[PDB]
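Protein sequences, first through last, are from chains D, L, Y and U.
Everything in the first sequence is counted per the UniProt record's numbering, starting at 2 for the first residue and increasing by one.
Everything in the second sequence is counted per the UniProt record's numbering, starting at 2 for the first residue and increasing by one.
Everything in the third sequence is counted per the UniProt record's numbering, starting at 2 for the first residue and increasing by one.
Everything in the fourth sequence is counted per the UniProt record's numbering, starting at 2 for the first residue and increasing by one.
For each residue, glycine too, the CB sits at the ideal point set by N, CA and C.
There are 4 protein chains.
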Amino acid sequence: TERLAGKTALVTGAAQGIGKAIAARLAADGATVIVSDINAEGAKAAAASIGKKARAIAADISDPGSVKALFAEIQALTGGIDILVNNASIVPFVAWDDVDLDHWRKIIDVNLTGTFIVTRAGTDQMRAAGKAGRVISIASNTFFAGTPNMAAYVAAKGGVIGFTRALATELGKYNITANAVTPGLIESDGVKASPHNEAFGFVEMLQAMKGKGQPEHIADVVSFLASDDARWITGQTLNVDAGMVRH
Amino acid sequence: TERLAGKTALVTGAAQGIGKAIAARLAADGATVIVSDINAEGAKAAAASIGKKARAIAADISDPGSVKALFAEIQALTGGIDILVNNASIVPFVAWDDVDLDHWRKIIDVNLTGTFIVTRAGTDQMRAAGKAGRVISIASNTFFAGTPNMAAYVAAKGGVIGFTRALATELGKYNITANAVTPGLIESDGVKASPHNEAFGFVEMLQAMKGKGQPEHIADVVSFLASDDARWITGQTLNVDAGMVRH
Amino acid sequence: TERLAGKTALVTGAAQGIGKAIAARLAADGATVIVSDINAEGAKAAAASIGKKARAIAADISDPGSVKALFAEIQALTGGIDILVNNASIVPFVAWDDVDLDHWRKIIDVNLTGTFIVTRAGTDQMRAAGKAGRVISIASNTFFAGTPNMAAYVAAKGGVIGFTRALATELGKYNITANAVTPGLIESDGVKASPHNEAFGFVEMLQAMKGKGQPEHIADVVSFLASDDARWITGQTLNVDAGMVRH
Amino acid sequence: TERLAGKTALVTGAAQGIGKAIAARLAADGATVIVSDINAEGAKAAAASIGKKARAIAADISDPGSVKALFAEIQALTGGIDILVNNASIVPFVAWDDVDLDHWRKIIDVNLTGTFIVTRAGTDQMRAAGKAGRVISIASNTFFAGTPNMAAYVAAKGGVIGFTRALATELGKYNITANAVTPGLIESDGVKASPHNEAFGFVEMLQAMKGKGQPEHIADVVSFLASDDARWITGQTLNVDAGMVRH
Ligand SMILES: NC(=O)c1ccc[n+]([C@@H]2O[C@H](COP(=O)([O-])OP(=O)(O)OC[C@H]3O[C@@H](n4cnc5c(N)ncnc54)[C@H](O)[C@@H]3O)[C@@H](O)[C@H]2O)c1
Ligand SMILES: NC(=O)c1ccc[n+]([C@@H]2O[C@H](COP(=O)([O-])OP(=O)(O)OC[C@H]3O[C@@H](n4cnc5c(N)ncnc54)[C@H](O)[C@@H]3O)[C@@H](O)[C@H]2O)c1
Ligand SMILES: NC(=O)c1ccc[n+]([C@@H]2O[C@H](COP(=O)([O-])OP(=O)(O)OC[C@H]3O[C@@H](n4cnc5c(N)ncnc54)[C@H](O)[C@@H]3O)[C@@H](O)[C@H]2O)c1
Ligand SMILES: NC(=O)c1ccc[n+]([C@@H]2O[C@H](COP(=O)([O-])OP(=O)(O)OC[C@H]3O[C@@H](n4cnc5c(N)ncnc54)[C@H](O)[C@@H]3O)[C@@H](O)[C@H]2O)c1
């Protein structure tokens, strides 16, 4: 019902798509939710669509300074997050021969290093506040599938899974758990506006289950991972893709 | 709310340990729970302990006739299951050199074949009633770890995972999902009664978080897998072990 | 010759298909090869195809007595195996609704329990002769894919993988390693003669590299696993399928 | 033995440890080997040590210009590589609270981005010649274990695995395969000089097999992956750790 009442959750990349849906679900669970995105206008719209439980604070997760200020404002408002959802990422469609060093560095910088910058500051905030926290990072089932046209992205998401596995070991002693979710193809705004939108016919045929994946399919799983019901799960990756791959 | 209100769930091996806790949790969730176990007296006491939401029906999962009777009665009383939790198993402690054909067959027959027998009848019942269904099978993280002193058991639990993956593919078109859970070492009645009770020191040493795993640790995850929140998950395995291994 | 010179390798189910190709390759590697199969005449033909390094001994891997005689004969011929290749299995094509308990037991009985019977006697033979040993079991990438029309088979192969992981733990102390190979679809005598033959179009599309898999593709990896180059590998599963799934 | 006659292989980070051992083994297989390292003097000594067809060319894998120079010289000397082994990396020991952005960026930059830089150039070279190549990247079993005191490293190596899985898909059409190897703790010169050297006691106890892993244990597996025996394997990860974890 309101299992998250009295908890504070930060969701990055929450202006639209999966992050917005995650933010909305955690608010419905009762959490105070910080809606954060590099898109300030989008973050405000998202927090407004969710209601009084949500506040928009813009941040670029690849900018250490931006992240510092984000967490400072959160500390001032709430006394510190209990839940971190690392959702922000660029989701590119780049043919392998167009994957040059500039592109590679860009994706690694945001998707992987940004995830570290945010996790560093966030779990540090959890520990300072004596809170038994939950870190939930959004990876991708492309890591299992080896999906084409996103080579740097697949590398980055593999980095996120590796990071999650190491982090669980490092933070268990502080009563913090770290888990990852690997969504399959999801009909988010970002995917709808991308060449990946064209993959739905193929992917749906490969799924065990019918229909296009929706942001809510992922949000509802993250809800579980943020709850006390998942307290014995740490260092794990949960795959949510209607059966496209098996993990 | 009580999210499982109006739903019927069958939990096998529910007289004690993880099974009883699963049954208790699903009832708390608002389900009508069929508490089934080969131990008829134990099944009765478990259902009594849980409340009016719970009904005991004894069954030997390795016995096709026993299982048929089980499901015939459930059909008569409820109109058919919505949720199947395959929990029943023998959990041995047997040195490799003592793993003979007789032992091997016994473990496979109950833990793997029994699981097929129940799932065959159970999913047929769902389909006949035209119900969206959820099949949740309890495996073991020994499949990932390669734990000694339980070779036949590890083999059988691998089979449960394999069966789960194939089942998800076969049943998705009928709106039935199938997932597995791999508990780590749990302080259940059965474990407390075996040499596995002495393995907690070594196991806790390997966990990211300290403490002995409890039946409720598993029950709470099964609750999630039984719910609408897990609807986009099928063919997957969720490892619940305080980080002893990483899946 | 060269590298397995002096070594004795037992290959079960080696009258045709992958088993035959494995036997041929290990002979080429220099091992004395025991070609075993339930089809006594097929085993004799397969040995003759290989030459002086092969002896045929009929055996039904699911029959404890037959396996016992098999190993007694091998001990006399060679002084005991150094290498066990568990290749025998039934590869069915069976729609889910046709998977009944009789079919399930048959598949489990041969593919999983037979695998146990042979490995029990084989590894016991290794230890009695004080030989370092190598156990290599052929599973299937269907365990990873959740391939339809073979539910009991996928369960059994999941069993073989779990057994492998446990066995590695049990036997390492005796300097015996145990690994598994998961072939993708292979154009073997058996597959040629079954409805799986029609799966090449779909499988090839999923492969990173094109072409129908051949028995030699598997035989050449088994060769590696049988050799000293693999000496630091135990408890592992090597997937050989031109990239249909990623392990 | 001479199975790589006529083939050219590049091994990065080959001045010592696993890299030098890999270089030595491929040379023994008959390949023309380019021994590359950032340690220019060490690379020279290692190539001269190996003799046979080995030549040294210094390069920093994280420096795009350095790598371009490396490959230009290889092309001039040999007509281009057939085999790429991505072995160079930094192996840190850093407590979590000492993992800051500078440390993180450096480990990602060399271990993950350096791997991309070299692979980009190396596979472009393969394709320019129309060769059916082999990419083999050395990851780490720390990705499976979530090992402490190397959070950025574990993330980087997960990235290498992800990269490998995507690359296999991208280059299959050009008949190039891409696989990864995950060594366990190995007694390389680097490790002997690291605080990681102190983990041997615990690790050997967790292994199914006895003894400290050696560079040769890894070199002999890479030899296999570079050969035609591995031709049907792509997108895969082979774990080589005497059974410390199970993959
Ligand atoms: N949609 C899918 O098919 C799918 C599949 C697998 C994984 N994912 C993952 O789910 C998450 C969300 O994906 P989505 O489809 O909702 O994407 P989306 O494009 O719809 O939304 C991504 C959001 O992240 C924000 N963002 C980008 N860079 C940022 C940065 N530097 N700092 C802060 N915010 C930034 C964008 O502004 C955008 O609002 C991502 O981690 C993505 O990799 C998505
Ligand atoms: N306890 C653990 O450390 C652990 C770890 C991983 C997985 N598991 C799994 O959890 C499940 C429950 O384990 P537990 O520790 O609670 O066991 P337990 O011994 O405490 O309870 C097992 C129950 O199963 C019943 N049972 C045995 N054979 C049966 C059959 N033929 N038909 C019907 N019921 C039968 C027993 O009567 C008993 O009531 C099993 O699947 C087990 O493999 C347990
Ligand atoms: N061919 C494929 O696409 C494929 C894919 C993945 C795994 N596999 C595995 O490879 C192995 C060989 O497959 P194949 O395609 O060559 O099969 P096949 O049908 O061509 O040959 C199987 C052999 O096993 C023998 N056999 C059956 N039951 C036996 C028993 N009870 N005792 C002794 N021998 C018995 C048969 O007589 C036959 O000679 C099997 O383990 C199979 O599961 C095959
Ligand atoms: N030794 C282990 O226990 C272990 C375990 C798992 C994986 N690995 C991996 O094996 C590989 C080799 O490890 P090792 O133990 O032999 O290391 P090592 O330290 O002994 O040798 C590494 C070599 O890489 C070179 N190098 C470092 N940075 C470079 C760069 N910028 N460009 C080019 N060369 C560079 C060094 O000069 C050194 O010669 C690494 O990828 C490592 O991550 C090692």
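- Tell me, please, which residues DSSP counts as bridged to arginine 56 (chain D). By 1-based counting over the first sequence, the position of residue 56 (chain D) is 55. BP columns for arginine 56 (chain D) point to D:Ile35.
- Between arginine 166 (chain U) and chain Y, is there a C-beta pair that is closer than 8 Å? Mapped onto the fourth sequence, residue 166 (chain U) falls at position 165. Yes, because at least one Cβ of chain Y sits closer than 8 Å to the Cβ of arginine 166 (chain U).
- Query: What does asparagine 180 (chain Y) pair with, by DSSP beta-bridge criteria?
  - Reply: What you label residue 180 (chain Y) is simply residue 179 of the third sequence in a count that begins at 1. BP columns for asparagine 180 (chain Y) point to Y:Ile137.
- Whose Cβ in chain U lies nearer than 9 Å to the Cβ of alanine 169 (chain D)? For this step, residue 169 (chain D) is matched to residue 168 along the first sequence. By Cβ distance, chain U contributes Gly147.
- How close, in whole Å, do the beta carbons of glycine 163 (chain U) and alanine 209 (chain Y) come, if the pair is a contact with beta carbons under 8 Å? Residue 163 (chain U) sits at position 162 when you count from the first residue of the fourth sequence. Residue 209 (chain Y) sits at position 208 when you count from the first residue of the third sequence. Their Cβ separation, rounded to whole angstroms, is 15 Å, which puts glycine 163 (chain U) and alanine 209 (chain Y) out of contact at 8 Å.
- Message: Can you find the residues in the same chain that come closer than 7 Å, C-beta to C-beta, to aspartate 101 (chain Y), ignoring five residues on each side of it along the sequence?
- Response: Residue 101 (chain Y) sits at position 100 when you count from the first residue of the third sequence. Around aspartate 101 (chain Y): no qualifying Cβ.
- Task: Establish whether the CB of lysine 174 (chain L) and some CB of chain Y are separated by less than 8 Å.
- Result: Mapped onto the second sequence, residue 174 (chain L) falls at position 173. No, no contact with chain Y.
- Using a Cβ-Cβ cut-off of 8 Å, state whether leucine 207 (chain D) counts as contacting chain U. Here residue 207 (chain D) corresponds to residue number 206 of the first sequence, with the count starting at 1. It does not; no Cβ of chain U falls within 8 Å.
- Task: Just tell me which of U:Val192, U:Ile187, U:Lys132 has its CA closest to the CA of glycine 7 (chain U).
- Result: Within the fourth sequence, numbered from 1, the residue matching residue 7 (chain U) stands at position 6. It is U:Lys132.
- Quick check: the segment 18-29 of chain U against the segment 192-199 of chain Y, are there 3 or more CB pairs under 8 Å? no
- Extent of the continuous alpha helix (DSSP H) to which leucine 71 (chain U) belongs: In the fourth sequence, residue 71 (chain U) corresponds to position 70, counting from 1. Segment 65-79, the alpha helix (DSSP H) holding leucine 71 (chain U).
- Task: Please confirm if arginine 247 (chain L) has its CB atom under 8 Å from at least one CB of chain Y.
- Result: What you label residue 247 (chain L) is simply residue 246 of the second sequence in a count that begins at 1. No, because no Cβ of chain Y sits closer than 8 Å to the Cβ of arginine 247 (chain L).
- Message: Can you look up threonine 9 (chain L) in the DSSP assignment and give me helix, strand or coil?
- Response: Walking along the second sequence from the start, residue 9 (chain L) turns up at place 8. Note: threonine 9 (chain L) maps to strand in three-state DSSP.
- Say the cut is 7 Å; is the CB of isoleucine 62 (chain L) nearer than that to a heavy atom of ligand 2? Residue 62 (chain L) sits at position 61 when you count from the first residue of the second sequence. Checking the Cβ of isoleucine 62 (chain L) against ligand 2 gives yes.
- Check whether the Cβ atoms of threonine 235 (chain U) and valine 119 (chain U) lie closer than 8 Å to each other. Here residue 235 (chain U) is taken as the residue at index 234 of the fourth sequence, counted from 1. Here residue 119 (chain U) is taken as the residue at index 118 of the fourth sequence, counted from 1. Cβ distance not < 8 Å, so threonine 235 (chain U) and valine 119 (chain U) don't count as in contact.
- Between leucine 5 (chain L) and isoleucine 35 (chain L), which are expected to be in contact by the criterion C-beta below 8 Å, what is the C-beta distance as a whole number of angstroms? In the second sequence, the residue the question calls residue 5 (chain L) occupies position 4. In the second sequence, the residue the question calls residue 35 (chain L) occupies position 34. Their Cβ separation, rounded to whole angstroms, is 13 Å, which puts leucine 5 (chain L) and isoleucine 35 (chain L) out of contact at 8 Å.
- Test: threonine 120 (chain Y) CB closer than 8 Å to a CB of chain U: Here residue 120 (chain Y) corresponds to residue number 119 of the third sequence, with the count starting at 1. Taking Cβ atoms only, chain U never reaches closer than 8 Å to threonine 120 (chain Y), which makes this a no.
- Over what stretch of residues does the alpha helix (DSSP H) that includes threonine 148 (chain U) continue unbroken? What you label residue 148 (chain U) is simply residue 147 of the fourth sequence in a count that begins at 1. Premise fails: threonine 148 (chain U) is in no alpha helix (DSSP H) and is neither H nor E.
- Query: Where does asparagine 112 (chain D) fall in DSSP's three states?
  - Reply: Position 111 of the first sequence, counted from the first residue, corresponds to residue 112 (chain D). Here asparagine 112 (chain D) sits in helix by DSSP.
- Message: Could you give the first and the last residue of the continuous alpha helix (DSSP H) run that contains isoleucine 162 (chain L)?
- Response: By one-based count along the second sequence, residue 162 (chain L) stands at place 161. First-last of the alpha helix (DSSP H) with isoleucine 162 (chain L): 152-172.
- Integer-rounded CB distance, given that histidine 248 (chain D) should sit under 8 Å from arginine 232 (chain L): The residue you call residue 232 (chain L) lines up with position 231 of the second sequence. The residue you call residue 248 (chain D) lines up with position 247 of the first sequence. No, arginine 232 (chain L) and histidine 248 (chain D) are not in contact; Cβ-Cβ is about 17 Å, not under 8 Å.
- Item | Cut-off 8 Å between Cβ atoms - residues of its own chain near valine 155 (chain L), not counting five sequence neighbours on either side | Residue numbering aside, residue 155 (chain L) sits at position 154 when the second sequence is read from its first letter. The answer, listed in chain order, is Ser141, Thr143, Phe144, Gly147, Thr148.
- Pick from U:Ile19, U:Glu42, U:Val68: whose alpha carbon is nearest that of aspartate 190 (chain U)? Indexing the fourth sequence from 1 puts residue 190 (chain U) at position 189. Nearest option by C-alpha distance: U:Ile19.
- If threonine 9 (chain D) and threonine 114 (chain D) are in contact, beta carbons under 8 Å, what's the gap, nearest whole angstrom? Residue 9 (chain D) sits at position 8 when you count from the first residue of the first sequence. Residue 114 (chain D) sits at position 113 when you count from the first residue of the first sequence. Between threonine 114 (chain D) and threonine 9 (chain D) the Cβ distance is about 25 Å, and since that is not below 8 Å, they are no contact.
- Message: How far does the alpha helix (DSSP H) with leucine 207 (chain Y) in it extend, from its first residue to its last?
- Response: On the third sequence, position 206 is the one that residue 207 (chain Y) refers to. Counting along the chain, the alpha helix (DSSP H) containing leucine 207 (chain Y) begins and ends at 201-207.
- Item | Under 8 Å by beta carbon: chain L residues contacting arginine 106 (chain Y) | As a working mapping, residue 106 (chain Y) is identified with position 105 in the third sequence. The contacting residues are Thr114.
- Whole angstroms is fine: what's the gap from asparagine 40 (chain Y)'s alpha carbon to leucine 226 (chain L)'s? If you number the third sequence from 1, residue 40 (chain Y) lands on position 39. If you number the second sequence from 1, residue 226 (chain L) lands on position 225. Going from the Cα of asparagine 40 (chain Y) to the Cα of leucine 226 (chain L) covers about 46 Å.
- Task: Determine the extent of the alpha helix (DSSP H) in which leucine 226 (chain D) is found, giving its start and end residues.
- Result: Counting from one through the first sequence, the residue named residue 226 (chain D) turns up at place 225. Counting along the chain, the alpha helix (DSSP H) containing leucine 226 (chain D) begins and ends at 216-227.
- Message: I need the straight-line Cα distance from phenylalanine 201 (chain L) to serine 50 (chain Y), nearest angstrom please.
- Response: Here residue 201 (chain L) corresponds to residue number 200 of the second sequence, with the count starting at 1. Here residue 50 (chain Y) corresponds to residue number 49 of the third sequence, with the count starting at 1. So the two alpha carbons sit approximately 55 Å from each other.
- Going by beta carbon distance, what residues of the same chain come within less than 6 Å of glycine 160 (chain L), once the five residues before and after it are set aside? One-based indexing of the second sequence puts residue 160 (chain L) at position 159. Counting only Cβ-Cβ distances below 6 Å, and skipping sequence neighbours, we find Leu113.
- Item | Straight-line gap, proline 216 (chain D) to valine 222 (chain D) (C-alpha atoms, nearest Å) | Position 215 of the first sequence, counted from the start, is the residue given in the question as residue 216 (chain D). Position 221 of the first sequence, counted from the start, is the residue given in the question as residue 222 (chain D). Answer to the nearest angstrom: the Cα atoms are 10 Å apart.
- Query: Under a Cβ-count criterion, where at least 16 other Cβ atoms within 10 Å of its own Cβ denotes burial, should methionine 206 (chain Y) be classed as buried or exposed?
  - Reply: On the third sequence, residue 206 (chain Y) is found 205 positions in, with the first residue counted as 1. So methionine 206 (chain Y) ends up on the exposed side.
- Message: Rounded to the nearest angstrom, what separates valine 68 (chain Y) and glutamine 126 (chain Y) at their Cα positions?
- Response: Against the third sequence, residue 68 (chain Y) aligns to sequence position 67. Against the third sequence, residue 126 (chain Y) aligns to sequence position 125. Each residue's alpha carbon lies about 12 Å from the other.
- Any heavy atom of ligand 1 within a distance shorter than 7 Å of the CB on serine 90 (chain D)? For the purposes of this step, residue 90 (chain D) is taken as residue 89 along the first sequence, with counting starting at 1. Yes, Cβ of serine 90 (chain D) sits closer than 7 Å to a heavy atom of ligand 1.
- Task: Ignore the nearest five residues each way along the sequence and tell me which others in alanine 179 (chain D)'s own chain have a CB closer than 7 Å to its CB.
- Result: For the purposes of this step, residue 179 (chain D) is taken as the residue at position 178 of the first sequence. Correct list, in chain order: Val136, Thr165, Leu168, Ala169, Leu172, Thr235, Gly236.
- Would you call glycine 52 (chain Y) buried or exposed, if buried means 16 or more other Cβ atoms sit within 10 Å of its Cβ? As a first step, residue 52 (chain Y) is located in the third sequence; it is residue number 51 there, counting from the start. Classification of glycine 52 (chain Y): exposed, given that the 10 Å Cβ count is below 16.
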